[PDB]
Amino acid sequence: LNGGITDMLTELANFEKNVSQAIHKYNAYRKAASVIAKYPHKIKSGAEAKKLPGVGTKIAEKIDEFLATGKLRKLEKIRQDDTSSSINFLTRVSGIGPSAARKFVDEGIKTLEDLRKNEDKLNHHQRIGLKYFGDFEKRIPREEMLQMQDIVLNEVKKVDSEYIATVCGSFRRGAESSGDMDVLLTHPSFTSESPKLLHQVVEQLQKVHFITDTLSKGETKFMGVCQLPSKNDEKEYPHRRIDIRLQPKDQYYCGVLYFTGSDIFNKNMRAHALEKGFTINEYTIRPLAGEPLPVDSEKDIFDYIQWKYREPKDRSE
DNA sequence: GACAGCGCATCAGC
DNA sequence: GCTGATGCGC
DNA sequence: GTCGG
Ligand SMILES: O=c1ccn([C@H]2C[C@H](O)[C@@H](COP(=O)(O)NP(=O)(O)OP(=O)(O)O)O2)c(=O)[nH]1
Ligand SMILES: [Mg+2]
Ligand code: NA
Ligand code: NA
Ligand code: NA
């Protein structure tokens, strides 16, 4: 409905994050994009948009320009700028952020060809990010997410029947495509009260050749790469990003709330929590920080901060 | 003035 | 090695 | 960049 506007704000957001290194402006543009994306009318003016929370006079002015011309002069200049363009590109590699991107550009490394000739200047994460550059920008159709879910849940069951694996992220929100796979893992042996629980699962998924690379790995978070098996004579599936989080079993609901997102939804809800005198993270909700409050469902967390319960499908902001 | 909150990798200082 | 800061991404 | 105190 307002895709031209939300695309423009997202591009500005990315500019402020990647080039300007202004994270609060990035968050401000993303907030405006999100609230406009949810607005059920085709916006006719900057004035109309400015009635929405997160849209102020400056973004209102840009919407007026965009509506009038179909363009934004600010963005056309940014697109023409070689340095901005180089930095924006390099940050598309997983593991290259705003700072490393600017450093690479300084060193004359500013293209895919340059990165490929300079893998020795990349850390492990960046090297895998470059290896799968193309694959990682592809979306994952839900049909493939279902097959991936089936592999993960069954391999986890083979390790220990007491594991429970839940696929979260956009998938759990019902999305027809996902950017990656997010898995929440619990085991009754691991609670907030009291080894290798994550390792055992990762090793099993590597053994069956589902997990193909590791970006980072600790005792509670694994970030890596996976791939569906393909049939005889068929083109291979793209490699995909997968994250697995080991969550204390008694903190499952705070965990699944966090890992279901969206990210802007969590930011909104946590910010609203502070206004109501609570702080929420992926483990607990605590009063303003006191002792953790009892949580027996996702809805309980909504109740504390006086929000009507919203199903996962309605948290995609 | 504050902006959500945190895990892992990596570096500096000791 | 350990602690704390920073970068990066979820 | 936006906004509540
Ligand atoms: O900055 C963040 C990023 C992620 N998260 C949480 C919510 C998000 O839904 C979950 C997984 O992050 P992803 O980057 O995978 N986003 P998501 O699965 O929602 O969308 P996509 O389909 O693009 O992967 O982690 C945050 O709370 N803050
Ligand atoms: Mg995801
Ligand atoms: Na507004
Ligand atoms: Na990046
Ligand atoms: Na993710």
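Heavy-atom basis, side chains included; hydrogens, waters and symmetry copies ignored. To find a chain, count down the sequence lines: A is the first, B the second, and so on, and within it residues start at 1.
- Between A:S216 and A:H125, the side chains place no donor N or O within less than 3.5 Å of an acceptor N or O (distance only, hydrogens not considered).
- When the nucleotides C:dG9, B:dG5, C:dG7 are ranked by their closest atom to the side chain of A:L274, B:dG5 comes out on top.
- Taking the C1' atom of each, B:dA4 and C:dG9 are spaced 15 Å apart, rounded to whole Å.
- With sequence neighbours excluded, the residues forming a salt bridge (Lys or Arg N to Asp or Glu O under 4.0 Å) with A:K131 are A:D213, listed by chain and number.
- Inspection of the A:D150 and A:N154 side chains reveals an N or O donor paired with an N or O acceptor under 3.5 Å.
- The phosphate of D:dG1 has neither OP1 nor OP2 within less than 4.0 Å of any side-chain N or O from A:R30.
- Between A:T279 and B:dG5 there is a side-chain N or O to OP1 or OP2 distance below 4.0 Å.
- Each of B:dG5, C:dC8, B:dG7 was ranked by its minimum atom distance to the side chain of A:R270; first place goes to B:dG5.
- Regarding A:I128, its CD1 atom lies at a distance of 17 Å from the P atom of C:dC8, rounded to whole Å.
- Among the protein residues, A:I280 comes within range of the sugar-phosphate backbone only, with heavy atoms under 4.0 Å from sugar or phosphate atoms but none that close to a base.
- Following rounding to the nearest Å, A:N268 (CG) and B:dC3 (P) show an atom-to-atom distance of 15 Å.
- Between the side chains of A:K158 and A:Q204, no donor N or O sits under 3.5 Å from an acceptor N or O.
- Side-chain atoms of A:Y258 and base atoms of C:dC10 include a donor and an acceptor less than 3.5 Å apart.
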Dot-bracket encoding of pairs in DNA chain B, which uses [ ] for pseudoknotted crossings and | for another strand, Watson-Crick or G-U under 3.5 angstrom: .||.||||||||||

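- Rounded to whole angstrom, the span from the NZ atom of A:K267 across to the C1' atom of D:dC3 amounts to 14 Å.
- If you measure from atom CZ of A:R241 to atom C1' of C:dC8, you get 11 Å, rounded to the nearest angstrom.
- Using modelled atom types, one finds no donor on one side chain facing an acceptor on the other under 3.5 Å when comparing A:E11 with A:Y29.
- Straight-line distance from the CZ atom of A:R102 to the P atom of C:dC8: 12 Å, rounded to whole Å.
- Between A:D263 and A:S216, the residue anchored closer to the 5' end of DNA chain B is A:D263, taking for each the nucleotide with the nearest heavy atom.
- One atom, CG of A:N266, and another, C1' of B:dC3, lie 15 Å apart when rounded to the nearest Å.
- Look at the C1' atom in both D:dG1 and B:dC6: the space between them is 25 Å, to the nearest Å.
- A continuous path of ILVMFWY side-chain contacts below 4.5 Å connects A:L67 to A:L9, so both sit in one hydrophobic cluster.
- Per the geometry, CG belonging to A:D243 stands 13 Å off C1' belonging to B:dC6, to the nearest Å.
- For B:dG1 and D:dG5, the P atoms lie 16 Å apart once the distance is rounded to whole Å.
- The side chain of A:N281 places an N or O atom within less than 4.0 Å of a non-bridging phosphate oxygen (OP1 or OP2) of B:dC6.
- Distance NE2 (A:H124) to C1' (B:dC11): 19 Å, rounded to an integer number of Å.
- Residue A:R286 places its side chain closer to B:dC6 than to any other of B:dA4, B:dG7, B:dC6.
- Evaluation of A:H24 against the base of B:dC3 yields a stacking contact (centre distance < 5.5 Å, interplanar angle < 30°).
- Nearest to the side-chain atoms of A:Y29 among the listed nucleotides C:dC10, D:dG1, B:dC8 stands D:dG1.
- With B:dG5, B:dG7, C:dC10 as the candidates, the nucleotide lying closest to the side chain of A:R245 is B:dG7.
- Between D:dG1 and A:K25, a contact under 4.0 Å exists linking OP1 or OP2 to a side-chain N or O.
- One finds no side-chain N or O of A:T57 lying less than 4.0 angstrom from the OP1 or OP2 phosphate oxygen of D:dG1.
- Contact annotation for A:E282: backbone-only contact, meaning every heavy-atom pair under 4.0 Å involves sugar-phosphate atoms and none involves a base.
- Side-chain nitrogen and oxygen atoms of A:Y283 include at least one within less than 4.0 Å of the OP1 or OP2 phosphate oxygen of B:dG7.
- Looking at A:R173 and A:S316, their side chains do bring a donor and an acceptor atom within 3.5 Å of each other.
- By the 4.0 Å N-to-carboxylate-O rule, A:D243 lies close enough to A:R241 to be salt-bridged with it.
- By the side chain to side chain donor-acceptor pair (under 3.5 Å) test, A:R172 pairs with A:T260, A:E298, sequence neighbours left out.
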